[PDB]
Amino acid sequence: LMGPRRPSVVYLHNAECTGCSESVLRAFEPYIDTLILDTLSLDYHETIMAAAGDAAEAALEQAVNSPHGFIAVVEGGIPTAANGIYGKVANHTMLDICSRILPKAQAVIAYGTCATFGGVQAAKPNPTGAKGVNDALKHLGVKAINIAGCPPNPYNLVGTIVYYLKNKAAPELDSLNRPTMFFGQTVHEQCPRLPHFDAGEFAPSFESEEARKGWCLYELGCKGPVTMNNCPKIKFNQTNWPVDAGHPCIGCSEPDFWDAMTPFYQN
């Protein structure tokens, strides 16, 4: 599947909605075809790989045991309740799969809030005992770089990989193990509506003339002030981001945000 010239990436899917995989397909300059053909060797990825079944399992084993080394990118939280039963691939639990593979990686990137911090299936009451990769695999020494968001900006994944390939090391990480080059600012300090916030100019409802005129969404629940991400700067799909679409930030790059930031329309 690999060896030589391009670095090998093993991409795993645990308890996930595949929005993180879709976000990588939106990669722009470089685009995903450049990424797969030129930059990297994508050696396992259930969403787009040709092989299925046994042939897919063999592709995975061949990539993880390669003498050339691999990078792991992990999407989704790891269900740990009832001995990992709530999530299996090839009749192996996701907990076991990640336990065996991720300590062999030269580096691990947890991609999306589910893989970094547990995510949507970890929200109360967490029936499947879902955990982020580093929480689940602490005992095994795994320290994944966390690229948070639901889904993250794919700019942040490609930038982290390129850094890593250049520098042979992780970039500076924050206390949640997220790269400070992308997560070092609140989305609020970057927001174009900040002058309205400063002036106490808040929209009181989505139908109001204040909302029409672009006033601040804090009274309508915006979690920009407590959320670290580069949304207003990079934007999404080269064109927009939640509060420029008139909707509050729901805090989706923060741990436990499903429970910490709810109700989403209150502050």
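The numbering used is simple: start at 1 and walk along the sequence shown.
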Avg C-alpha B-factor, entry values, 21-29 vs 5-13, higher side is 5-13
When the Cα temperature factors in the entry are averaged, is it 82-90 or 117-125 that ends up higher? 82-90
Whose CA atom has the top B-factor in the entry, of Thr47, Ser66, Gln238, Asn230? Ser66
Between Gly221, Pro242, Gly200, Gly224, which carries the biggest CA temperature factor in the record? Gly200
So, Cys150's CA B-factor, relative to its chain, sits in which third? The lowest
Ranked against its chain, the third holding the CA B-factor of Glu75: lowest
Within this chain's modelled residues, let me know which third the CA B factor of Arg178 belongs to: lowest, middle or highest. lowest
Looking at the C-alpha B-factor of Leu165, is it in the lowest, middle or highest third of its chain? highest
Among all modelled residues of this chain, ranked by Cα B factor, put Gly112 in the bottom, middle or top third, i.e. lowest, middle or highest. lowest
